[PDB]
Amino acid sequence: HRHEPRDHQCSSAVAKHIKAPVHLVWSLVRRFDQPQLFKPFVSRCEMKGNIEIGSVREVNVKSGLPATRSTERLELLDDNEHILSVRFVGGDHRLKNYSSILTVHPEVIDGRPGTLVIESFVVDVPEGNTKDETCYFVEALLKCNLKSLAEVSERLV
């Protein structure tokens, strides 16, 4: 997670402990064509072709949110170090040049195999907002994403 934002950008990170093996948590996150497996905001996702670096997916999010759609490109997928990186290239949201890095690491939680998930991001600060407003907004969504990933991963154990 070597993120270092310019002056017109902001950056932060969130973490979450999952009581599930790494291979189980990784099997959900790594499926770039179906983020709705664990993301509670995604209603529909379309992605053409084979999953590879440069693959682009189109996401439609449910109502109640500031945006309705997003276009995202897969920038990195390491099936050995468990690294996933995604960059937002389009949509109707206010997260321009958003780039995120998600990593999964093994650990022992309550005497059983567990998982630590870390997700950091860099994004432009939209006009009319501050770095801590933007960070607060993105952190709220990411914690909701990771909490749903934890509950889905822990129902598969």
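The first residue of the sequence shown is number 1, and the count goes up from there.
Margin query: If you average the CA temperature factors as listed in the entry, which stretch comes out higher, 143-151 or 5-13?
Written below: That would be 5-13.
Checklist line | Residue range whose averaged C-alpha B-factor is higher in the record, 52-60 or 127-135 | finding: Looking at the recorded C-alpha B-factors, 127-135 comes out higher on average.
Note to self: Taking only the Cα B-factors deposited for this chain, tell me whether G114 sits in the lowest, middle or highest third.
What the structure shows: As the PDB entry reports it, the C-alpha B-factor of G114 lands in the middle third of its chain.
Next item on the list: Among all modelled residues of this chain, ranked by Cα B factor, put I101 in the bottom, middle or top third, i.e. lowest, middle or highest.
Entry: Lowest third - that is where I101 ends up once the chain's C-alpha B-factors are sorted.
Checklist line | Among modelled residues of the same chain, the CA temperature factor third for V42 | finding: Lowest third, going by the recorded CA B-factors of the chain.
Next item on the list: Taking the values exactly as deposited, rank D79 by C-alpha B-factor within its chain and report the matching third: lowest, middle or highest.
Entry: Answer is highest: the recorded C-alpha B-factor places it there.
Next item on the list: Would you mind checking where the Cα B-factor of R69 ranks among the modelled residues of its chain, as the lowest, middle or highest third?
Entry: CA B-factor rank for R69: lowest third.
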